[PDB]
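J.: part one of the complex, left exactly where it sits:
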Amino acid sequence: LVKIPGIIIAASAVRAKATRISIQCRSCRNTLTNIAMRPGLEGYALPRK
């Protein structure tokens, strides 16, 4: 944890980021629900089976 002063020169637009996702299967239409995403700039890899 750090504390730092500065001056702001650029600010991007407000966008949307997901924290809980749900995915569906092609054939049997089963679902995996309430998968928790990680905070910050981190992605997620879908399962294959």
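T.: Ah, there it is. Numbering: from 1, shown residues only, chains lettered A, B, ... in the order given.
J.: How about the contacts made by the residue sitting nearest the centre point of chain A?
T.: The residue lying closest to the centre of chain A (CA atoms, centre = their mean) is residue A:18, at 4.3 Å. Shown in contact with residue A:18 (CB atoms under 8 Å, 6 or more residues apart in numbering): residue A:37. Yep, even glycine has a C-beta here, placed from its N, CA and C like the rest.
J.: Quick check: which element contains it?
T.: For residue A:18, there is no host helix or strand (DSSP states H and E).
J.: List phi and psi for it.
T.: Main-chain dihedrals, residue A:18, degrees, to the nearest 10: phi -90, psi 140.
J.: what does the one 5 residues further on give?
T.: Recorded main-chain torsions at residue A:23 are phi -130, psi 160, according to degrees, to the nearest 10.
J.: cool, and residue A:44?
T.: Per degrees, to the nearest 10, the backbone of residue A:44 is at phi -150, psi 140.
J.: Pull the number of nearby residues for it.
T.: 10 (other CB atoms under 10 Å).
J.: Find the nearest non-adjacent residue to it, please.
T.: residue A:37 (6.0 Å; CB to CB, 6 or more residues apart in numbering).
J.: The following sequence is to be added as chain B:
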Amino acid sequence: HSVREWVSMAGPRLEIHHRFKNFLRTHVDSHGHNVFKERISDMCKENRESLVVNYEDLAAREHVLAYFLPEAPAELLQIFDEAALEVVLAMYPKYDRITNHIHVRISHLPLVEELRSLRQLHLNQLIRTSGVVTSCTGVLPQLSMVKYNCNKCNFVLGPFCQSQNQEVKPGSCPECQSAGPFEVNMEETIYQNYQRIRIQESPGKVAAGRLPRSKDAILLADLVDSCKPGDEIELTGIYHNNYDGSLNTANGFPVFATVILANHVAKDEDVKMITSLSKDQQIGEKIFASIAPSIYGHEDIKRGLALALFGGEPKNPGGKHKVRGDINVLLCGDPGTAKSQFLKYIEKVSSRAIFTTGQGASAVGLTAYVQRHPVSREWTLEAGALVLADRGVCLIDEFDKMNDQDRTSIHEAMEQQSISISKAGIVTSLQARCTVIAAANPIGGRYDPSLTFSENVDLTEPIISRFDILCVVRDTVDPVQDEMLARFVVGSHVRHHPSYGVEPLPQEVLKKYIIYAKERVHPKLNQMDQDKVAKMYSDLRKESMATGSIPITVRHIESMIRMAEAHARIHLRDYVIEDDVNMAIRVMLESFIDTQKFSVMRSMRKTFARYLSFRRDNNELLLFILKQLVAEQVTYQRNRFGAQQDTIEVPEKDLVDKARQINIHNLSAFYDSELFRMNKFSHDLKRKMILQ
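T.: If we add chain B to the chains shown above, we get the following:
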């Protein structure tokens, strides 16, 4: 076999490790002291991580390691690091808690060729180069001892050492046997300092007809931020190819790109001395004569620049009435008077000074703007030279050539002492507490004594009103002064081929005195004399109105006070006395009178001779009278005869009469003065005459 092949095997590795440990333990200086003892002790006193080794001593003690060093740098450096770590941990046991590794760096070497000669023969070798830094990437966290999290289970894979050549790709998760994917455990990973530098040949060493060439280098761990862009450095490094992506494959010939990996870079009593110098009664004249050693004459300009450098003290009762303490300086001169040399000297001396020119293509602009930097390719807010010089000096050359935007920004920064920006969605106000020194030329190319200062200069009255001190440098043909100036110029040219003040202070001593006076001297006005100031102000305004042009105003008095403070800062006085007030009065009166035209200037100079004669020299005034008479006689001779005569003579009676008019009755000391001999004057009693 190759050197690195023999290095790789374990036997000679352990033998060399033992040899290096013994070299570390047993190495002593020429005087018998243990060098590594004191070195590691002073390293321990500051918890450092790096150790420096000389190639000369290494070759003297153990020759085989020195011989193998150039052609196998990485493994040998690793072995030496292990040996040094073992020895240090033997000396002290706490570093296992503080630092788990210690780097070894080579300091001296037989100098290696420049950037031009590096070719295929130098690959994977140890080299030493010299160059000029042009850019830096900053500080970056590189990986080391990486821990990975499996994405099917949540197992944490063990630490993996990150080599500089290839990325680390874990094979499979030891528990669930999955082939991937994996991500980096941010919390348990260890990180290292990384920086990248571009180096260009020094422009002075490049032969005519070819261009300088550049190369890239990488600094790690303690080497980061050890160089500033624009500096000249020397590196010891490894000329490398074996990094992924060096081979050109997509199109074109099979060309490799080379990179250098560096491991070394080669570029109390003073307070008592300051107090002792302050104890000297003539420190002020020493400081005045200490400015601009290389410029002849213009003593008044140097005296003014002294106050400008030392400065004053801002005052703001509450948050209502702000009064600055920065003394601005303006110079107006005919060509060839060396106005720019003063600015160059001031930039050299000043701790924080910015230089810019109004003609165009300046290295530093005079207006703030937001832009993508051409080099770093980043979106930056570049403020003008005025903002960058906080509590510093800003120098502007070619003051008249400035366009509209520069004039507007300068006016705003001088009158409000802040710069406002509204650009690209950014609205800011920035502080511009800086002292402004400027130089300029007259409108017609030559100063006209029959016109006021404002009529002679392209600038406007509001801009001129801001400056506390105005100096006018007019070129006039004086044979003795021209002879002396030519002598100095020719002497400077001859010296630099490749094959009143008792003593000026040293430049470093002057810098230290300036810093100490600015930090710890705050003169107080608790002993001012308001009666004399009020009477003099009233009389000045009265006679200004009597002449009928350019009346004085209250602002000048403020400048005087500031100058007084500056003088009190010179002697380290904590209180203001009458001497500083009188000197500031003289300076302000000279500046005010010099801006008037001929008749008004003459009348004011004659009437105010009382105040302007404070701490003056009578001999200088007599020399001025003699010069005026000589000039009159020479002008008459040239106009009537059409040519000059071989000798110049003047009766003593006229000089005596004029001295009596200035209330001076004795001139023998003037005859015996050094000023009389310096101008090659002689006095003959056989004819009561003065000859030149």
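J.: now that chain B has been added, could you go back to the neighbour count of residue A:44?
T.: 11 (other CB atoms under 10 Å in any protein chain shown).
J.: Quick one: name the residues of chain B near chain A.
T.: For chain B, the contact set with chain A under CB under 8 Å from any CB of the partner chain comprises B:151, B:181, B:183, B:370, B:379-381, B:425-426, B:428.
J.: can we see that at 10 Å?
T.: Applying CB under 10 Å from any CB of the partner chain, we find that chain B lies next to chain A at B:151-152, B:180-181, B:183, B:186, B:370, B:379-381, B:424-426, B:428, B:430.
J.: Show me the residue of chain B that gets nearest to chain A, please.
T.: residue B:381 (5.1 Å; CB to the nearest CB).
J.: So which of the residues of chain B next to chain A is the closest to residue B:450?
T.: Among those, residue B:430 lies closest to residue B:450 (CB to CB), at 43.3 Å.
J.: residues near the closest one, how many?
T.: 18.
J.: tell me what the helix or strand hosting it is packed against?
T.: Following DSSP H and E, the helix or strand that holds residue B:430 is strand B:426-431. Using 3 or more CB pairs under 10 Å, 6 or more residues apart in numbering or on different chains; DSSP states H and E, the elements in contact with strand B:426-431 are strand B:379-382, helix B:385-388, strand B:418-423.
J.: Also, this goes in as DNA strand C:
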DNA sequence: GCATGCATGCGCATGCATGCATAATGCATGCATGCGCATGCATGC
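T.: With DNA strand C now in place:
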């Protein structure tokens, strides 16, 4: 009626056709923007 023959019957091994289980990485494309150039419009004097 007692001695003998024997067609029926049951449980565990191997052989062979079908059937079942597994399972991330590298390369390509369009959007944003710098840098050099020539035309052209508008503004002074």
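J.: quick recheck of what packs on strand B:426-431 now DNA strand C is there?
T.: Looks like strand B:426-431 contacts strand B:379-382, helix B:385-388, strand B:418-423 (3+ CB pairs under 10 Å, 6+ apart).
J.: And the next helix or strand past that strand?
T.: Next along the chain after strand B:426-431, taking DSSP H and E as the criterion, comes strand B:434-440.
J.: Output that following strand as PDB, nothing but the C-alphas.
T.: Extracted in PDB, the C-alpha atoms of strand B:434-440 (Å, rounded to 0.1, in the frame of the first residue of the first chain):
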ATOM      1  CA  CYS B 434      10.800  33.300 -11.100                       C
ATOM      2  CA  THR B 435      13.200  36.200 -11.800                       C
ATOM      3  CA  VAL B 436      13.300  37.400 -15.300                       C
ATOM      4  CA  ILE B 437      16.400  38.700 -17.100                       C
ATOM      5  CA  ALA B 438      16.200  39.800 -20.700                       C
ATOM      6  CA  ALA B 439      18.300  41.300 -23.500                       C
ATOM      7  CA  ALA B 440      17.300  43.300 -26.500                       C
END
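J.: Give me the helices and strands touching whichever helix or strand comes after it, please.
T.: Helices and strands here follow DSSP H and E; after strand B:434-440, the next one along the chain is helix B:453-456. If contacts are counted by 3+ CB pairs under 10 Å, 6+ apart, helix B:453-456 sits against strand B:329-333, helix B:461-466, strand B:469-473.
J.: No more questions from me, cheers.
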